[PDB]
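First up is the structure itself, then whatever we jot down about it.
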Amino acid sequence: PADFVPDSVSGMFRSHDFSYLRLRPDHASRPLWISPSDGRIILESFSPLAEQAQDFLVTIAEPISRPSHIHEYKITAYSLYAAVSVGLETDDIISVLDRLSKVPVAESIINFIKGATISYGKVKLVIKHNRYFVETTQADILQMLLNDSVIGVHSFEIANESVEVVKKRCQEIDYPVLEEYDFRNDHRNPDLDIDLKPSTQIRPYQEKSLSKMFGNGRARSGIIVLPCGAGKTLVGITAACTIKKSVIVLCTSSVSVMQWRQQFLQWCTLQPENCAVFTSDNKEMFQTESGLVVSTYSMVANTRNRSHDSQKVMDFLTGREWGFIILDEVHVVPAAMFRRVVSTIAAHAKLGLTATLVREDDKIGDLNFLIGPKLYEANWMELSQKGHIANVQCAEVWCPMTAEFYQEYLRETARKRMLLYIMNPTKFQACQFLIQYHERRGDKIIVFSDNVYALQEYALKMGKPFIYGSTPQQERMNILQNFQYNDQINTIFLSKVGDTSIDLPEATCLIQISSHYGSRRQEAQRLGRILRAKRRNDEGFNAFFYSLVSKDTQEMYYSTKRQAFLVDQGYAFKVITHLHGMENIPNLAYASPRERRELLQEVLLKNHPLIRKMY
Amino acid sequence: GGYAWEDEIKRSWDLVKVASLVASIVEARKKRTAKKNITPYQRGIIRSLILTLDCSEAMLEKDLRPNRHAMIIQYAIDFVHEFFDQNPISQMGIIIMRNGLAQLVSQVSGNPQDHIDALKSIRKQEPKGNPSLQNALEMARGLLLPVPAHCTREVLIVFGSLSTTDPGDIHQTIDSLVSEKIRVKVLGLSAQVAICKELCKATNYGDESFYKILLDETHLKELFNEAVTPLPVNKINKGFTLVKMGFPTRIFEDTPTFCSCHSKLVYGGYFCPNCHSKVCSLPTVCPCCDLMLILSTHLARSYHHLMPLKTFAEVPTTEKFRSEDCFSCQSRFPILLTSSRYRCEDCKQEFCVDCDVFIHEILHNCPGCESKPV
Ligand SMILES: Nc1ncnc2c1ncn2[C@@H]1O[C@H](COP(=O)(O)OP(=O)(O)O)[C@@H](O)[C@H]1O
Ligand code: BEF
Ligand SMILES: [Mg+2]
Ligand SMILES: [Zn+2]
Ligand SMILES: [Zn+2]
Ligand SMILES: [Zn+2]
Ligand SMILES: [Zn+2]
């Protein structure tokens, strides 16, 4: 910024006027705009070299939003740490950035890349016989690590529990640690001979994801983010198949444990002998040299009360030095005690698999040192147009509450306010009319409702099956099987239980009467259920995703906040003020005033052997 | 046995890294060489074409947007409009192949509108069944039987299938066509067919250039357009004669009168000079005396086919030039080291690139030549 006359409209831009720089004549070809201060990147998706830089930019810059035409990216310290890992130096980044940037890379941006791109590659953490050694390739690091107030060719031991502390210390200090596993030269750990059968097929986007993880030839530790239904299960299977070592899978559900094992058996060639499932039902552990354990975070994260049956398994897990760990739905690993499994379980490589990499609290960034940086992220829109995932016509239906109910809405306290507007009569009519309309079309409908009481009320009146936490595994499976293979039943009423890692290929339509406040991942994960549509390639097919919201209620504040992640991905929500043909439906719930008042009162009222013969 | 993942990363960004005016001319110079060979070949202006279209299962393919049937019919409508515009005194017939049978959809007639209506109706029916060249050729042979000897009997076949099912011997039909002097042009869709090549070759005095296979939709339009021009006649095939036709005079009557062709009341019509009967439109054969009626304009439309304008040869930049502006449009010639002047040898007048295309495509007389007094 030297000798540049401000414009009369420069006042409107509060220090954001970046016109001080000039533009080269080759602006017609260069597809990258760079903000000299904020680090933001604006990418043209309708210009030559778009595909040329679509992969280079993703590696260096994380995506904040990738709508149809103009893609938005931002460069951050964490993003650079991921990029520098895969054989990238400042010189290469600077040379390519200038070759592609319409506007010159400012000194501030140049300074930012220099600082964070030079630290990588001077400290490594290795594991030997369940003993963790902070090995360094140069002796100069001893004067920096051993003298650290937190800690405690040269190699020194470090406590397993202290790993969660030193890794954060590594981020704070200049040198961050990298977890690279040389499986090729690792012979001490017994190998597991498994390869994908010929029937298997590797999709290009998955192939790119695997390449980002096996770029240098040594297994990396990080996170792979793919849209729901992209096939993350096969990505984990391929990673397990190529490493050919002891592996384990952790999932935060019981039904999903069978799903992962079922996919594992069919895709790869692992024999049933080497696979053991550690759940509440069975706890036997494989005695063969090497195998797989598909367990849940609850079983491995428990510390206080472990019984004899589970205690023996825990000793077996801890005693042996494993090679790989798979964390399905890794967006819940940095929790208070779910993160303990990473440290307690010894493994030379860690993989994270979550469709959504966001959470309400600011602990999402902690995944960098719990499991590693972000390796690859796949755009939802690109896969959708390629026929790999289904298209969804997201809609938001506005249901104005009736006057009688709204009268109690103002007075009622917030705690009971939720229950008040969740069972408003208008939403019943919309849900019933939409369900009937889609049932006539021949659509498999899934109804989600976080509130158990509302879920029961909907099902009891509508005479449709409902599933919630109290139901057993056998009953829910029977309901699920009936909903899939039987033509008689085409709609089910699910709850928060099936919000994640559930495969419903036949599901095409989804309705959400009321859900979990401001949570965003719930909105996206639930949307992933209908992204599984088997008939996602037939012409004119469009999955339906509805979110009934009461007008003039806090649900609008929650609804607009929870769907803030889908808009970033690219999905757009349509407002439906009125449903055509809804009045001509023969019967509707609570049509007469008498029935409406009956509902209002009920919801308002909610809150010695000898002696034995005598008797 | 390592996979491709462990080898390396593709690094797509590595692939991309960061006289011309002469090139634009030399291509123009070379293209002028192709069209330099123009001679007054004798052409049969009066034509009798039987348009045969394939409507079979093979035409349901999605190669051409939206499908082969729709595009071929769509181009067929375009062909009729262009054909009759440049061949006013010719007649056309339309046949289609469906269910291994030849279906007549338009009789031989000189009215372009009648053919358009038939083609539009065909656009609705879904094609199906197997094709039959022998059925189509036999029907085409019959349709061309009641044609004078001075007309050129031609058959344009749009074939889409790679196989043909026929009830009889196709070679016998081919021999009959040669005996009848009918000429066959085939526009295939997918690949060469052995019988089609023989049909086009033996039927055109051994020439193998009348069997064309497209490579894209753009080329298909060129193939259809090329058929509008009259086909040069063979030397040893002599059918010279005089044809008796008259030039009627248009009338403007106050009251409507019945037409001798359609028996319908029409205000104005052209009176035949042999029997005074009135005909709604031209050019048509008089419904009473069987005498062809045409206007002087119709004949003049075909003069350029008999006296083609000689090509214009580029002028090298070594020699000096006459004027800085085009003779016909006075469009200043860009200096650009190359020249854009095109000169006509007959008059030696410079012409711009814009006129040269226009003079040889829209007009048919060199502006400089006419101005020049002998
Ligand atoms: N390459 C593939 N070949 C066959 N089916 C695939 C492939 N990739 C994904 N699928 C299918 O996609 C669906 C979802 O797979 P899954 O791994 O459970 O997805 P995610 O865990 O990413 O939600 C399943 O029906 C699975 O068989
Ligand atoms: F992301 Be998936 F639906 F497990
Ligand atoms: Mg999954
Ligand atoms: Zn008439
Ligand atoms: Zn007459
Ligand atoms: Zn000119
Ligand atoms: Zn001339």
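Labels for the structure tokens follow display order: chains A, B, ..., residues from 1 in each chain, ligands from 1.
The list of chain B residues within 8 Å of chain A is residues 4, 5, 6, 7, 8, 9, 11, 12, 13, 16 and 18 of chain B; this uses only C-alpha atoms.
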Output for the residues just chosen: N, CA and C atoms as a compact mmCIF listing (two decimals), in the first residue's frame:
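To be explicit, this is the file written out as out_4.txt:
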```
# COMPACT_ATOMS: atom_id res chain seq x y z
N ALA B 4 -1.21 -48.13 -6.70
CA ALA B 4 -0.88 -46.82 -7.25
C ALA B 4 -0.88 -45.73 -6.18
N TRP B 5 -1.53 -45.97 -5.04
CA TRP B 5 -1.57 -44.96 -3.99
C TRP B 5 -0.17 -44.67 -3.45
N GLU B 6 0.63 -45.72 -3.25
CA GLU B 6 1.93 -45.56 -2.61
C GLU B 6 2.98 -44.98 -3.55
N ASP B 7 2.76 -45.04 -4.86
CA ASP B 7 3.78 -44.61 -5.81
C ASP B 7 4.11 -43.13 -5.65
N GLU B 8 3.15 -42.26 -5.96
CA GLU B 8 3.34 -40.81 -5.91
C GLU B 8 1.97 -40.15 -6.00
N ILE B 9 1.97 -38.82 -6.04
CA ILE B 9 0.77 -38.03 -6.24
C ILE B 9 0.75 -37.53 -7.67
N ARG B 11 -0.22 -34.72 -9.01
CA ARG B 11 0.28 -33.35 -9.16
C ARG B 11 -0.23 -32.74 -10.47
N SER B 12 -1.55 -32.59 -10.54
CA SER B 12 -2.18 -32.07 -11.75
C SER B 12 -1.64 -30.69 -12.11
N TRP B 13 -1.28 -29.89 -11.10
CA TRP B 13 -0.80 -28.54 -11.37
C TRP B 13 0.53 -28.55 -12.12
N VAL B 16 0.16 -28.12 -16.23
CA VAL B 16 -0.03 -26.80 -16.81
C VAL B 16 1.11 -25.89 -16.38
N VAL B 18 3.10 -21.91 -17.27
CA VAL B 18 2.96 -20.59 -17.88
C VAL B 18 4.32 -19.91 -17.95
```
DSSP-assigned strand (DSSP E or B) among stretch 491-573 of chain A, expressed as a short mmCIF file (atom, residue, chain, number, x, y, z; two decimals) with N, CA, C and O atoms, in the first residue's frame:
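Contents of the output file states.cif:
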```
data_model
loop_
_atom_site.label_atom_id
_atom_site.label_comp_id
_atom_site.auth_asym_id
_atom_site.auth_seq_id
_atom_site.Cartn_x
_atom_site.Cartn_y
_atom_site.Cartn_z
N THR A 491 -43.30 -46.25 5.78
CA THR A 491 -42.88 -45.13 6.60
C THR A 491 -42.56 -45.61 8.00
O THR A 491 -43.20 -46.52 8.52
N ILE A 492 -41.55 -44.98 8.60
CA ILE A 492 -41.14 -45.28 9.97
C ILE A 492 -40.91 -43.97 10.71
O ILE A 492 -40.71 -42.91 10.10
N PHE A 493 -40.93 -44.04 12.03
CA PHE A 493 -40.74 -42.89 12.91
C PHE A 493 -39.50 -43.15 13.76
O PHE A 493 -39.58 -43.82 14.79
N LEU A 494 -38.36 -42.62 13.32
CA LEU A 494 -37.10 -42.81 14.01
C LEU A 494 -36.83 -41.67 14.98
O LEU A 494 -37.54 -40.66 15.01
N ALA A 507 -34.53 -45.50 1.63
CA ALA A 507 -35.06 -44.22 2.09
C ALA A 507 -34.83 -43.14 1.04
O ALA A 507 -33.72 -43.00 0.51
N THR A 508 -35.88 -42.38 0.74
CA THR A 508 -35.79 -41.30 -0.24
C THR A 508 -36.36 -40.00 0.31
O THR A 508 -35.91 -38.92 -0.07
N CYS A 509 -37.35 -40.10 1.20
CA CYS A 509 -38.02 -38.94 1.76
C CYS A 509 -37.74 -38.87 3.26
O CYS A 509 -37.66 -39.89 3.94
N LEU A 510 -37.60 -37.64 3.77
CA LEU A 510 -37.30 -37.40 5.17
C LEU A 510 -38.12 -36.22 5.67
O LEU A 510 -38.25 -35.21 4.96
N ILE A 511 -38.67 -36.34 6.87
CA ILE A 511 -39.43 -35.28 7.52
C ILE A 511 -38.91 -35.11 8.93
O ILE A 511 -38.63 -36.09 9.63
N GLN A 512 -38.78 -33.85 9.37
CA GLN A 512 -38.22 -33.52 10.68
C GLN A 512 -39.19 -32.56 11.37
O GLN A 512 -39.10 -31.34 11.20
N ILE A 513 -40.11 -33.12 12.17
CA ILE A 513 -41.11 -32.29 12.84
C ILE A 513 -40.44 -31.37 13.86
O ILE A 513 -40.77 -30.18 13.94
N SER A 514 -39.50 -31.90 14.64
CA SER A 514 -38.79 -31.13 15.65
C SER A 514 -37.56 -31.92 16.03
O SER A 514 -37.56 -33.15 15.98
N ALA A 543 -34.34 -36.69 -4.15
CA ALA A 543 -34.70 -36.99 -2.77
C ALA A 543 -35.30 -35.75 -2.11
O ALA A 543 -34.97 -34.61 -2.46
N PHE A 544 -36.18 -35.99 -1.15
CA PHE A 544 -36.93 -34.92 -0.49
C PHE A 544 -36.53 -34.85 0.97
O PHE A 544 -36.47 -35.87 1.66
N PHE A 545 -36.24 -33.64 1.44
CA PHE A 545 -35.82 -33.39 2.82
C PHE A 545 -36.59 -32.19 3.34
O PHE A 545 -36.35 -31.06 2.90
N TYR A 546 -37.50 -32.42 4.28
CA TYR A 546 -38.36 -31.38 4.82
C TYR A 546 -37.99 -31.09 6.27
O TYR A 546 -37.49 -31.96 6.98
N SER A 547 -38.23 -29.85 6.69
CA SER A 547 -38.00 -29.42 8.07
C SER A 547 -39.17 -28.52 8.46
O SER A 547 -39.15 -27.31 8.20
N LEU A 548 -40.18 -29.11 9.08
CA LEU A 548 -41.34 -28.34 9.53
C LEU A 548 -40.94 -27.47 10.71
O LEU A 548 -40.42 -27.98 11.71
N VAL A 549 -41.19 -26.17 10.61
CA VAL A 549 -40.83 -25.21 11.64
C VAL A 549 -42.03 -24.33 11.94
O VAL A 549 -42.71 -23.85 11.02
N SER A 550 -42.31 -24.12 13.22
CA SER A 550 -43.41 -23.28 13.64
C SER A 550 -43.04 -21.81 13.48
O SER A 550 -41.96 -21.39 13.91
N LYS A 551 -43.93 -21.03 12.87
CA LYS A 551 -43.67 -19.62 12.67
C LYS A 551 -43.80 -18.86 13.99
O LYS A 551 -44.56 -19.25 14.89
#
```
Residues of chain A at most 6 Å from ligand 3: nearest atom pair and distance in Å, only C-alpha atoms and all ligand atoms, as a tab-separated table:
```
residue	atom	partner	partner_atom_place_in_ligand_line	distance
A:232	CA	ligand 3	1 (Mg)	5.9
A:233	CA	ligand 3	1 (Mg)	5.7
A:501	CA	ligand 3	1 (Mg)	4.6
```
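The shell of residues at most 9 Å from residue B:186, with only C-alpha atoms counted and near chain neighbours (fewer than 6 positions) removed, consists of residues 155, 156, 157, 158, 159, 196, 197, 199, 200, 210, 211, 212 and 213 of chain B.
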Output N, CA, C and O atoms for every residue in that selection, as a compact mmCIF listing (two decimals), in the first residue's frame.
```
# COMPACT_ATOMS: atom_id res chain seq x y z
N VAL B 155 -32.23 -41.45 -55.74
CA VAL B 155 -32.77 -41.98 -54.49
C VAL B 155 -31.75 -41.68 -53.39
O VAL B 155 -30.61 -42.15 -53.45
N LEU B 156 -32.16 -40.90 -52.40
CA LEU B 156 -31.32 -40.59 -51.25
C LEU B 156 -31.80 -41.42 -50.06
O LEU B 156 -32.95 -41.29 -49.63
N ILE B 157 -30.92 -42.27 -49.54
CA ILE B 157 -31.25 -43.21 -48.48
C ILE B 157 -30.48 -42.81 -47.23
O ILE B 157 -29.25 -42.65 -47.27
N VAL B 158 -31.19 -42.66 -46.12
CA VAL B 158 -30.59 -42.40 -44.82
C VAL B 158 -30.67 -43.70 -44.02
O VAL B 158 -31.73 -44.06 -43.50
N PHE B 159 -29.55 -44.40 -43.92
CA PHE B 159 -29.49 -45.72 -43.30
C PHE B 159 -28.85 -45.61 -41.92
O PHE B 159 -27.83 -44.94 -41.76
N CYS B 196 -24.51 -51.70 -48.94
CA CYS B 196 -24.68 -50.29 -49.24
C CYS B 196 -23.56 -49.78 -50.13
O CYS B 196 -23.81 -49.02 -51.08
N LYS B 197 -22.32 -50.17 -49.85
CA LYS B 197 -21.20 -49.73 -50.67
C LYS B 197 -21.34 -50.24 -52.10
O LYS B 197 -21.09 -49.50 -53.06
N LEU B 199 -24.18 -51.01 -53.56
CA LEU B 199 -25.31 -50.30 -54.15
C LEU B 199 -24.89 -48.92 -54.65
O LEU B 199 -25.25 -48.50 -55.75
N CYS B 200 -24.12 -48.19 -53.83
CA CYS B 200 -23.71 -46.84 -54.22
C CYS B 200 -22.67 -46.86 -55.34
O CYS B 200 -22.63 -45.94 -56.16
N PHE B 210 -20.21 -41.69 -53.20
CA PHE B 210 -21.62 -41.44 -52.92
C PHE B 210 -22.12 -42.20 -51.70
O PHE B 210 -23.33 -42.19 -51.43
N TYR B 211 -21.23 -42.86 -50.96
CA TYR B 211 -21.57 -43.53 -49.71
C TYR B 211 -20.82 -42.82 -48.59
O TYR B 211 -19.62 -43.05 -48.40
N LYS B 212 -21.52 -41.96 -47.86
CA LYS B 212 -20.91 -41.10 -46.85
C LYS B 212 -21.35 -41.54 -45.46
O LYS B 212 -22.51 -41.88 -45.25
N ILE B 213 -20.40 -41.53 -44.52
CA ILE B 213 -20.67 -41.83 -43.12
C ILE B 213 -20.26 -40.61 -42.31
O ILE B 213 -19.12 -40.13 -42.43
```
Option closest in space to residue A:425, from A:248, A:243, A:533, A:403 [counting only C-alpha atoms]
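Closest to residue A:425 of all the choices is A:403.
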Neighbourhood of ligand 2 at 8 Å, counting only C-alpha atoms and all ligand atoms, reported as an NGL selection string:
:A and (226-233 or 328-329 or 353-356 or 500-503 or 525 or 528-529 or 532)
Write out as a list in words each polymer residue whose atoms come within 12 Å of residue B:288, counting only C-alpha atoms; drop sequence neighbours fewer than 4 positions from it.
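After dropping sequence-adjacent residues, the list is residues 259, 260, 261, 262, 271, 272, 273, 274, 275, 276, 277, 278, 279, 284, 292 and 293 of chain B.
Near ligand 6, at a distance of at most 7 Å and with only C-alpha atoms and all ligand atoms counted, sit the residues residues 326, 327, 328, 329, 330, 331, 351, 352, 353, 354 and 355 of chain B.
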Find the residues around residue B:313 up to 9 Å (only C-alpha atoms counted), leave out those fewer than 3 positions away in its own chain, and share them as number ranges by chain.
B: 29, 32-33, 36, 342-345
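Note that atom CA of residue A:166 and atom CA of residue A:368 are 13.2 Å apart.
Take the candidates B:283, B:308, B:246, B:367 and check each one against ligand 5 using only C-alpha atoms and all ligand atoms; the shortest distance goes to B:246.
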Quick one: residues within 9 Å of residue B:321, only C-alpha atoms counted, chain neighbours fewer than 6 positions away excluded, as a count of residues only?
3
From a backbone DSSP assignment, name each residue in stretch 59-244 of chain B labelled helix (DSSP H, G or I), as a ChimeraX atom specification.
/B:59-60,68-86,112-122,133-143,170-180,194-202,217-226
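Ranking B:311, B:290, B:205, B:179 by their shortest atom-to-atom distance to ligand 5, with only C-alpha atoms and all ligand atoms included, puts B:290 first.
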Can you pull out every residue with an atom within 7 Å of ligand 7? Use only C-alpha atoms and all ligand atoms and format it as a PyMOL selection string.
chain B and resi 344-349+366-369
Go ahead and save the residues from that selection, with N, CA, C and O atoms, as an mmCIF file, in the first residue's frame.
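Contents of again-v5.cif, as written:
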```cif
data_model
loop_
_atom_site.group_PDB
_atom_site.id
_atom_site.type_symbol
_atom_site.label_atom_id
_atom_site.label_comp_id
_atom_site.auth_asym_id
_atom_site.auth_seq_id
_atom_site.Cartn_x
_atom_site.Cartn_y
_atom_site.Cartn_z
ATOM 1 N N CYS B 344 -9.983 -11.521 -59.203
ATOM 2 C CA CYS B 344 -10.669 -12.291 -60.232
ATOM 3 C C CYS B 344 -9.884 -12.177 -61.533
ATOM 4 O O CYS B 344 -9.656 -11.070 -62.032
ATOM 5 N N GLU B 345 -9.469 -13.321 -62.080
ATOM 6 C CA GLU B 345 -8.640 -13.305 -63.280
ATOM 7 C C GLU B 345 -9.378 -12.704 -64.469
ATOM 8 O O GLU B 345 -8.754 -12.068 -65.327
ATOM 9 N N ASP B 346 -10.697 -12.891 -64.542
ATOM 10 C CA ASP B 346 -11.449 -12.387 -65.686
ATOM 11 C C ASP B 346 -11.375 -10.867 -65.775
ATOM 12 O O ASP B 346 -11.193 -10.311 -66.864
ATOM 13 N N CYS B 347 -11.513 -10.178 -64.640
ATOM 14 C CA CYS B 347 -11.512 -8.722 -64.609
ATOM 15 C C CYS B 347 -10.311 -8.129 -63.890
ATOM 16 O O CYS B 347 -10.063 -6.926 -64.027
ATOM 17 N N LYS B 348 -9.560 -8.929 -63.133
ATOM 18 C CA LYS B 348 -8.393 -8.452 -62.393
ATOM 19 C C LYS B 348 -8.776 -7.299 -61.462
ATOM 20 O O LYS B 348 -8.237 -6.193 -61.536
ATOM 21 N N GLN B 349 -9.731 -7.582 -60.578
ATOM 22 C CA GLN B 349 -10.206 -6.621 -59.593
ATOM 23 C C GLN B 349 -10.079 -7.232 -58.206
ATOM 24 O O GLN B 349 -10.508 -8.369 -57.984
ATOM 25 N N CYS B 366 -19.694 -11.935 -60.806
ATOM 26 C CA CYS B 366 -18.618 -11.118 -60.269
ATOM 27 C C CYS B 366 -18.936 -9.641 -60.495
ATOM 28 O O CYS B 366 -19.148 -9.229 -61.644
ATOM 29 N N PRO B 367 -18.985 -8.817 -59.442
ATOM 30 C CA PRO B 367 -19.304 -7.396 -59.661
ATOM 31 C C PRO B 367 -18.357 -6.712 -60.632
ATOM 32 O O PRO B 367 -18.794 -5.881 -61.437
ATOM 33 N N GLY B 368 -17.066 -7.040 -60.578
ATOM 34 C CA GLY B 368 -16.118 -6.413 -61.484
ATOM 35 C C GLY B 368 -16.340 -6.807 -62.931
ATOM 36 O O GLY B 368 -16.250 -5.970 -63.833
ATOM 37 N N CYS B 369 -16.634 -8.085 -63.175
ATOM 38 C CA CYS B 369 -16.780 -8.561 -64.546
ATOM 39 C C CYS B 369 -17.922 -7.850 -65.261
ATOM 40 O O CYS B 369 -17.777 -7.435 -66.417
#
```
I'd like the neighbourhood of stretch 48-53 of chain B as a VMD selection string, where a residue qualifies if any of its atoms comes within 10 Å (using only C-alpha atoms), though same-chain residues fewer than 2 positions away should be ignored.
chain B and resid 45 to 46 55 to 56 69 72 to 73 76 79 to 80 83 89 to 98 102 to 104 106 to 110 131 133 136 to 137 139 to 141 143 to 144 147 to 148 151 to 160 182 to 187
Distance atom CA of residue A:183-atom CA of residue A:350, one decimal place?
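Computed distance, atom CA of residue A:183 to atom CA of residue A:350, equals 13.3 Å.
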For residue B:149, which of B:201, B:68, B:47, B:320 is the closest residue, counting only C-alpha atoms?
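Looking at the shortest contact to residue B:149, the residue is B:47.
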A:206, A:274, A:136, A:108: which is nearest ligand 1, counting only C-alpha atoms and all ligand atoms?
A:206
